[PDB]
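Visitor:
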Amino acid sequence: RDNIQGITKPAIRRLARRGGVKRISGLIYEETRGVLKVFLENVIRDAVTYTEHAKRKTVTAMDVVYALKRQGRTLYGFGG
Amino acid sequence: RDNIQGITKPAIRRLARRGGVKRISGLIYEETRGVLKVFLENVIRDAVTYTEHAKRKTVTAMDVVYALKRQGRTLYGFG
Amino acid sequence: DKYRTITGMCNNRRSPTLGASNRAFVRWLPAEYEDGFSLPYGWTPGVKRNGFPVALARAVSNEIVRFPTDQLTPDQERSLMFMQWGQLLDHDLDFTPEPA
Amino acid sequence: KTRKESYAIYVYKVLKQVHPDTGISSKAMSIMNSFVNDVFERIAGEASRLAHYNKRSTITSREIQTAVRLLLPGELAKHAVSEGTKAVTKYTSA
Amino acid sequence: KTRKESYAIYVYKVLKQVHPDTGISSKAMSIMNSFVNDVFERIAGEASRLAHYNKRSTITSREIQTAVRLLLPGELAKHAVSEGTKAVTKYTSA
Amino acid sequence: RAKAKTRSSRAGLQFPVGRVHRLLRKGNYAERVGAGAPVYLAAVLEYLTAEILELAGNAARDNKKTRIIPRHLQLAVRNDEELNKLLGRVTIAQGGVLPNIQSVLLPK
Amino acid sequence: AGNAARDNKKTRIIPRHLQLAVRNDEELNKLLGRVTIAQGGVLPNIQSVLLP
Amino acid sequence: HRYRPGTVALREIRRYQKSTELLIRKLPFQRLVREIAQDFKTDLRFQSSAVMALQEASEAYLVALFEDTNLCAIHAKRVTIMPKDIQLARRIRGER
Amino acid sequence: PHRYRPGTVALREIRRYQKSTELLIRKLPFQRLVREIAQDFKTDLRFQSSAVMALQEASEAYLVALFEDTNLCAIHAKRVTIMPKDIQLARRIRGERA
Amino acid sequence: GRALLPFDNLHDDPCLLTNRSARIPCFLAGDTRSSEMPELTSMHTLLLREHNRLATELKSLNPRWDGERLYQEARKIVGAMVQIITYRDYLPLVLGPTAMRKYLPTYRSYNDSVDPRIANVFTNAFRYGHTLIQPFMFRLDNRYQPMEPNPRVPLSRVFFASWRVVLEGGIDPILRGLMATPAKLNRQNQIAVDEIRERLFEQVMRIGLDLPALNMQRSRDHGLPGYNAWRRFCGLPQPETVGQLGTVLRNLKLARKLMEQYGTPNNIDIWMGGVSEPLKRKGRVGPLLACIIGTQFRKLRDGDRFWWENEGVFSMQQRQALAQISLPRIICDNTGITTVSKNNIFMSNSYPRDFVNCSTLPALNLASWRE
DNA sequence: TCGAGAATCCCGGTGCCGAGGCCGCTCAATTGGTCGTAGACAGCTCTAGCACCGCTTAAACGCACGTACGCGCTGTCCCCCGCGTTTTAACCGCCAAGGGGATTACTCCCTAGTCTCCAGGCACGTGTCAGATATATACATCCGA
DNA sequence: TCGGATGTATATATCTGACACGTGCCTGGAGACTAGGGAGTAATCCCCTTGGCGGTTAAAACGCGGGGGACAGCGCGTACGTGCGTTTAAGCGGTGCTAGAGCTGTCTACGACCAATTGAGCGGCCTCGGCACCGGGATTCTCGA
Ligand code: HEM
């Protein structure tokens, strides 16, 4: 159940390359994993709250979109 | 009217001291004046729009409070 | 410098004569001539432009511009003040004299 | 003249409940009134959004509870929920 | 099957007005639908707040105009205002 | 009864005035909604849509394509100061990023 | 706020005490994160590198 | 034959700034999302669109954070990004 | 004669101005600046005293927070002095001049 | 009882040649072309009347002022008026919202590093208005009804006919006809009317002229580059074959005709390519003409040190007073017409749906000119 | 370490103005029924989320070099700080006008609310042509001799 | 600093699935008419904003001496980038099942809506004590020996 290691070092390196980073230190990967886990925890907690209020058992895409819009991270393309 | 120079160098030094700054380069006073001018221009433009919508000629404190709140800068103490 | 000069002189400090009247136009692209310096295209018969003959302007107007007048379509969102103000503004901006 | 309602007497009642020997100035009371209005607006707006998402025409205690859980951070939210729930019980019995 | 309303045919009509020979995919249409909904909600919320501030109970074209002035940045706003006025006048003539 | 003509046709628009009026009435914004508010909102929305679609179509044409994809919408939005300010806190799915590299990292 | 006022040997609550109460509490600071309290001042905090 | 250090890095920067695809494998991310959601509710289901939206949001967030981190690193007259740059960017942004 | 080493009076001022709650800008110059700024948007505008007071409070809070971020940026680059590039970096990361 | 333009003396006056019996020579103004048609002369006379009225009201406002001071002040007022009317009403209706926003963004300040000289291509890229010319001149009475005699006159008989201004009811019917007549829509199969193509200056000249052919010939004379060079200069894709040209023009017959007359898109004249393109949305020019015109007017605005919005040229109250001017106010204030169009005068062309009495719209408040 | 000198802190008077408590009203909040629809159940369909398997094969993972960059470590110099003197205008208190926010009151247009009727806009079905996918080729660039 | 290896953009066929039309249906928008309350003009009213004047003095300006940080240059060594070979699950199809999302129907109880009554809260009015200045001494920290 240690799936946080599924975000491999090459994936973090690709994400850094898209951001314009040329050289990456060796301790960046654990910090990035922690940051991603924090972000995902917040968003998923809000989405699950939205799902539970509707008395549903599946987390729909609209719940995720509303959860993101709550944090100020509006997302276009999924839902309406 | 060149009133931006009314925000003097010692006033900027005091504002930096409250912010925890120990040493200050001599080139940040013009930069701080520019930053303050931009911020004030935005807020005052919004406040004057709110005033003009109400067909008034006096800018009230509520107009300033609303103009700040709509920029994500809620201010408590003026209604 | 409280008012404009009639000739528009000394409007720009760097180049006072720039922007005034009775001066050369600005060329946004280098000019092309059939001789390279001052000869207009179509001056000398038989001179091909980029491997193609130079069309007669009257012929182009005859084939392409010409259209029967009886199917004129009026503009549903403009008035003749549009054309008049365009002409007046143009007469403000530029005027290219030619020898009499 | 005219009438200007505010949350001043209720804030003073709560303050007397908490600190019976402590007073409060006018600027601090203005700040507290602004705080109460701001939180009311936030919770009510979130509840309205929740009701609109599920295609409901009514704001109920469920919407208010979900809005409180979404807005208030951390253990704060939990405690608030308890308080609210207790009220809606004591109100229903009486 | 329940009908799902969207701003798809209108966006396609505008696209055919601007680029008569250019098509659009499904993800791009979803993005444009979300954009239209977002801007509608922003402007309508600002207009509602403006109506509430001045103790009015009607959303008029002046509230919409002021909301467009407040929300849209710089030159955009100006052009938008013009377009809006250009419509209402025409709508009044007919 | 005369032949019904849509309100958006009288205003010379493409976006629906009637649907916008219904959304304003049903959306819990104010107790009453004027007759000219839907026309103004429809005109503003149509203007913004036309602007962003024109920019996206130009971006697609510069790429020698025919169909608009989210990449073209992102390129249109991020290359325009006003539109970038309007959509500063908005993520476009499958949009990518604007290509830039800091001058410090380039070889000298 | 009343605790902050008492620690200051004062009877009345002023905006400084409200600011001290809000900023020194994690949950309340996160709730009022983008809020300015008039006449509240700031929290005493100097970076350790600046100290002699 | 061998390229100098920093050349393939620039080539990769140019390559991944032109594409629009997702740079994280989908199955590990889905497993991570399910594991995280296990701590809030038990026996939860996810639409595929929900996981895709979460992935898009997370990737956009991380790319923007890395841009800010690169700016912070360049400020200190450096070319490599260290965890201190990430911490400074997050603290200035207001996240910590 | 007596003399303090550089940085002693600076730290004393830091301790003094982080304990007070007053306003650090003179009121009349700020009021004149606000009126001159508002002159562009509309002519013959009147201001309540509370409006100017609110503007001053908001401006001072904004500047103090910006200077805190600027100090962090300066300390990051192993410095004690505060330079305009630190202000620019803080405003870029905050999302203002980005 | 209203002023007219001063007369001019010339060795060979075409105004007299148009009609010997009437014997009215050409007028005199700041330009030598001010008498080609009665409409241009009417606009010139209106501007002259406005300047005279402004000078009179400034003298009544400030009696100590000298004549030179009054002249200079009214000159500044009229210049700012022309700039405001143009850049606020005319250019948006030409370029359209997108091109106007792209090429003429918000004004910032004067910029001396900008060249305000008129480009060579502009003199050929601003002739798009030759496609908006109606083949008739319309005059209307006080009720906006066809004025007798001759309610509509062929355009071939109004060229240089200055006698039609002095002896045919003045400039009021001409302005009334201009305000309440739709223009001509430029279509890819209807470029320009035959009145200006086969009967231009018919009476004065031995033979009629061809305005489009004159345009292409003058483009050749000035040595301007071809259509593709300007397409590349503005940043638009450059067609090479028949299919690419048809894609660019959104028309196949026109592309075929252009290729059969020129042989390559590199050789098409700038006027032909400019007016053969499909018009922008809510604009009256294609992308290339929009690019050229917007660039030229942006340079003119940003390089002018006496711009009406520049700091120090006008006082703040003077700016607020000037921002409220309008063409209909001037039209119904400087002559006898009472009913004028509303909002954008360049857009209202239907009587009486979009007309007002101009007793409602405010005038120009000169009270800020006290010294 | 130790003493002289600023600087800040901690106590005792002395007013004074703002916070807290008391009346008088009036305008919402409460109490007592009616009514109609929104929401709470149950059934029932059928969509889509979960699970499982087999196979390429592209990705990830170790590992070995080497070089370029992060990081201390001097050294200079110049720029910012601390302090004293002179100059300026902020601040406080008091007067005098008047613009213009707030209340009344009094209609009038304008919007909600109800039927009738259709067309506009959905869902569903179909086909063809952009575009993603191979494949060889031609440049463009980088590292090194 | 001219020639070699590698990477990437380009032009030419194939195929497919997704986008752009076509058609049928139904329900949401348009056309009428009526009723009433929101808001647009007017006419007072007083309040609070602006403008002015004079004196005291606190803070902004300016100048100077010096020291302590900012910035540049110089090793050094280590850690990160680049290849290369091996392992490993990711992605893609296909099959099968069932949970639960979504729609339909019925009915009931809960909230809106009136009318009548009254007391809770707001505005105006006093009044006294908590706090803001005053002075002084006490204690502390700093920096040159
Ligand atoms: C409506 C009747 C008009 C007539 C009869 C007319 C006539 C003419 C003629 C004969 C020329 C000289 C031809 C040449 O050698 O280029 C000319 C020049 C020109 N006209 Fe017009 N014109 C009219 C309207 C307009 C309008 C509406 C515009 C612009 C909106 C315009 C813009 C120009 C320009 C730019 C030139 C070139 C000036 C120069 O190069 O000196 N004209 N006009």
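Protein chains in written order, with the authors' numbering: chain F, 23 to 102; chain B, 23 to 101; chain K, 5 to 104; chain H, 28 to 121; chain D, 28 to 121; chain C, 11 to 118; chain G, 66 to 117; chain E, 39 to 134; chain A, 38 to 135; chain L, 207 to 577. We put the CB at the ideal spot given by N, CA and C, even for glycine.
1) Please confirm whether residue 72 of chain F has its beta-carbon closer than 7 Å to some beta-carbon of chain D.
2) Which bits of chain A does residue 526 of chain L rub up against, with CB to CB less than 9 Å?
3) Would you mind giving the Cβ-Cβ distance between residue 60 of chain B and residue 91 of chain A, rounded to the nearest angstrom? I have them listed as a contact below 8 Å.
4) What does DSSP give as the partner residues of residue 83 of chain K in its beta bridges?
5) Closest by CA to residue 265 of chain L, which one among L:256, L:276, L:387, L:255?
6) Looking at the unbroken alpha helix (DSSP H) that takes in residue 433 of chain L, where does it start and where does it end?
7) Nearest CA to the CA of residue 101 of chain F: which residue from E:121, E:124, E:102, E:85?
8) Check the Cβ of residue 530 of chain L against every Cβ in chain A and list those closer than 9 Å, keeping chain order.
9) Using a Cβ cut-off of 7 Å, pull out every chain B residue sitting near residue 96 of chain D, in sequence order please.
10) So the candidates are C:94, C:85, C:99; which of them puts its Cα closest to the Cα of residue 109 of chain C?
11) With a threshold of 8 Å, are at least 3 pairs of Cβ atoms found where one atom belongs to the segment 516-534 of chain L and the other to the segment 487-504 of chain L?
12) Spell out the partners DSSP gives residue 517 of chain L in its beta bridges.
13) If we count the other Cβ atoms within 10 Å of its Cβ and call it buried at 16 or more, is residue 522 of chain L buried or exposed?
14) Counting only Cβ pairs nearer than 9 Å, list the residues of chain A close to residue 109 of chain E.
15) Span of the alpha helix (DSSP H) holding residue 360 of chain L?
16) Would you check whether ligand 1 has a heavy atom nearer than 6 Å to the C-beta of residue 339 of chain L?
17) Would you say the beta carbon of residue 59 of chain D comes nearer than 6 Å to a heavy atom of ligand 1?
18) Run down chain B in chain order and give the residues with a C-beta less than 7 Å from the C-beta of residue 88 of chain G.
19) Tell me which same chain residues have a C-beta within less than 6 Å of the C-beta of residue 232 of chain L, skipping the five on either side of it?
20) State the DSSP-derived secondary structure class of residue 46 of chain B, mapped to helix, strand or coil.
21) Residue 54 of chain F: buried (16+ other C-beta within 10 angstroms of its C-beta) or exposed?
22) With a cut-off of 8 Å on the beta carbons, I'd call residue 115 of chain H and residue 88 of chain H a contact; round off their distance for me.
23) What's the gap between the Cα of residue 528 of chain L and the Cα of residue 282 of chain L?
24) Can you pull the chain H residues whose beta carbon is under 7 Å from the beta carbon of residue 76 of chain F, in chain order?
25) Tell me whether residue 7 of chain K sits in a helix, a strand or coil according to DSSP, three-state version.
26) Please determine if the segment 36-52 of chain K and the segment 333-341 of chain L are in contact, where contact requires at least 3 C-beta pairs separated by less than 8 Å.
27) Tell me whether residue 344 of chain L, by its Cβ, gets closer than 6 Å to a heavy atom of ligand 1.
28) How would you write the range of the beta strand (DSSP E) that residue 102 of chain G sits in, first residue to last?
29) Using a Cβ-Cβ cut-off of less than 8 Å, give me the residues of the segment 84-95 of chain B that come near chain D, in sequence order.
30) What number of angstroms, rounded off, separates the C-alpha of residue 81 of chain G from the C-alpha of residue 113 of chain E?
31) Can residue 475 of chain L and residue 425 of chain L be called in contact, C-beta distance under 7 Å?
32) With residue 243 of chain L as the anchor, note down where its alpha helix (DSSP H) starts and where it stops.
33) Which two residues bound the contiguous alpha helix (DSSP H) that contains residue 99 of chain K?
34) If we cut at 7 Å on Cβ distances, does residue 74 of chain H have a partner in chain G?
35) So for residue 67 of chain A, helix, strand or coil by DSSP?
36) What residues in its chain sit with their C-beta under 7 Å from that of residue 510 of chain L, if we drop five residues either side in the sequence?
Guide: Taking the coordinates as given:
1) no
2) 79, 80
3) Incorrect: roughly 18 Å between the Cβ atoms, too far for contact.
4) L:388
5) L:276
6) 433-440
7) E:85
8) In chain order: nothing, as chain A lies at least about 12 Å away.
9) 71
10) C:85
11) no
12) L:520
13) exposed
14) 126, 129, 130
15) Run containing residue 360 of chain L: none in the alpha helix (DSSP H); it sits in the beta strand (DSSP E), 358-360.
16) yes
17) no
18) Near residue 88 of chain G there are no residues of chain B at all, since even the closest Cβ is about 13 Å away, more than 7 Å.
19) 214, 219, 221, 241, 368
20) coil
21) buried
22) 6 Å
23) 11 Å
24) 81
25) coil
26) no
27) no
28) 100-102
29) 84, 88, 92
30) 36 Å
31) yes
32) First-last for residue 243 of chain L: undefined, no H or E at that position.
33) Per DSSP, residue 99 of chain K belongs to no alpha helix (DSSP H) and is neither H nor E.
34) no
35) helix
36) 322
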